[PDB]
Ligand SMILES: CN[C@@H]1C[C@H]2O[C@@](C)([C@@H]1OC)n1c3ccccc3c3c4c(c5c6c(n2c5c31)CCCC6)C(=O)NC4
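Presented as structure tokens, the chain that follows is alone, the form solved without this ligand.
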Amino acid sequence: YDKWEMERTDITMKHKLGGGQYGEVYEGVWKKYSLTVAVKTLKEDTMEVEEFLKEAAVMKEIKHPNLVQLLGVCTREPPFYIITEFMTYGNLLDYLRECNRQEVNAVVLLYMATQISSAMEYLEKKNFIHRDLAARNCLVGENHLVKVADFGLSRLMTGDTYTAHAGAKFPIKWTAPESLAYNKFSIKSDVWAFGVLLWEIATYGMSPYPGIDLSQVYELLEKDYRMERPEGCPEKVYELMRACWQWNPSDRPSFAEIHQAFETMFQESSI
């Protein structure tokens, strides 16, 4: 793994950009190339170094125009650092909440969805489960470029795998029914999450199931409740949204089908 195993001193750390459940993110500079990169400093963890690297090797092969590339990892000193390509406009959630809606119009929202579906079709092809698909994990570049990031990150940390609490911790409103029930994930659970992401995009970054307590979500879903069509959301996009939320994962469309659907919508809408 010499092509991507780095040393902390290989990168100049700058300001903190933010952080999440896995660690903090900083803007950094890969000295060798005077290249600005994103540096995620993972929390202290117990995961086997061998298991970590094998997982990271898989991620290193994820190469697509709409997936944030893994550039390297610093593993000589635990906790490990994850170096990825720097996205100039931050996460998609904040982007949508602060954007100029006349600029980021219906065609742009469609473009963003198209890009994300392309990236996911690729992950599906690689049988790579993202497990954290959501607007917070979509990053923005120049000219409305959108890239899916932090795919499979959960498999690089043991973290709170085990707790004495009853039940488990989840980003509940993005979690497919079967995942909540069994704490197991698949490409299909990523499809369900993609549906919630579409809703996030359609609403310019609103929090899903507004007014519904997290603890009430599963029951509602079991009884067929689903978020209603967002204001201004095209009927066909909502249709896809609803297909993503089929109770049986088997009944949900594949990302290849979703991407094809969006490419068509994007084409027609281009005119």
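Don't overthink the numbering: it's just position in the shown sequence, from 1. Just so we're on the same page, rigid core means the largest C-alpha set that superposes within 1.5 Å between forms.
Across the other compared structures of the same protein with both neighbouring residues present, residue 36 carries coordinates in every case, with no third of them leaving it out. Coordinates for residue 228 are present in every one of the other compared entries of this protein that model residues on both sides of it, well short of the third needed to count it as often missing.
When 205-213 is weighed against 62-70, 205-213 comes out higher, by mean CA B-factor as recorded in the entry.
Between 83-91 and 190-198, the higher mean Cα B-factor belongs to 83-91. By the numbers in the PDB entry, the CA B factor is greatest at 77 among 121, 77, 178, 150. Set against one another, the Cα B-factors of 99, 116, 140, 134 in the record reach their highest point at 99. In the PDB entry, a CA B factor belonging to the lowest third of its chain's modelled residues is recorded for residue 128. Among all modelled residues in this chain, the alpha-carbon of residue 259 has a temperature factor (C-alpha) in the middle third. In the PDB entry, residue 172 places in the lowest third of its chain by CA B-factor.
Among all modelled residues in this chain, the alpha-carbon of residue 47 has a temperature factor (C-alpha) in the highest third. Residue 221: CA B factor lies in the lowest third for its chain, per the PDB record.
The same protein also has a form solved in complex with this ligand, omitted here; what follows describes it.
Interface residue among 187, 145, 99, 71 relative to this ligand in the deposited complex, by the heavy atom within 4.5 Å criterion: 71.
In the deposited complex, this ligand lies within 4.5 Å of some heavy atom of residue 63. Taking non-hydrogen atoms only, residue 49 never approaches this ligand to within 4.5 angstroms in the deposited complex.
The closest non-hydrogen atom of residue 212 lies beyond 4.5 Å of this ligand in the deposited complex. In the deposited complex, no heavy atom of residue 225 sits within 4.5 Å of this ligand. No residue in 199, 122, 151, 174 other than 151 shows a CA shift of 2 angstroms or more between the shown form and the other one after fitting the rigid core. Remark: with the core as the superposition reference, the CA shift of residue 41 between the shown form and the other one reaches 2 Å or more. Taking the rigid core as fixed, one finds a CA shift for residue 53 of 2 Å or more between the shown form and the other one. Relative to the superposed rigid core, residue 77 undergoes a CA displacement of at least 2 Å between the shown form and the other one. Three angstroms is the minimum change: in the deposited complex, the CA atoms of residue 42 and residue 174 sit farther apart than in this structure, by 3 Å or more. Relative to this form, the distance between the C-alpha atoms of residue 42 and residue 129 is increased by at least 3 angstroms in the deposited complex.
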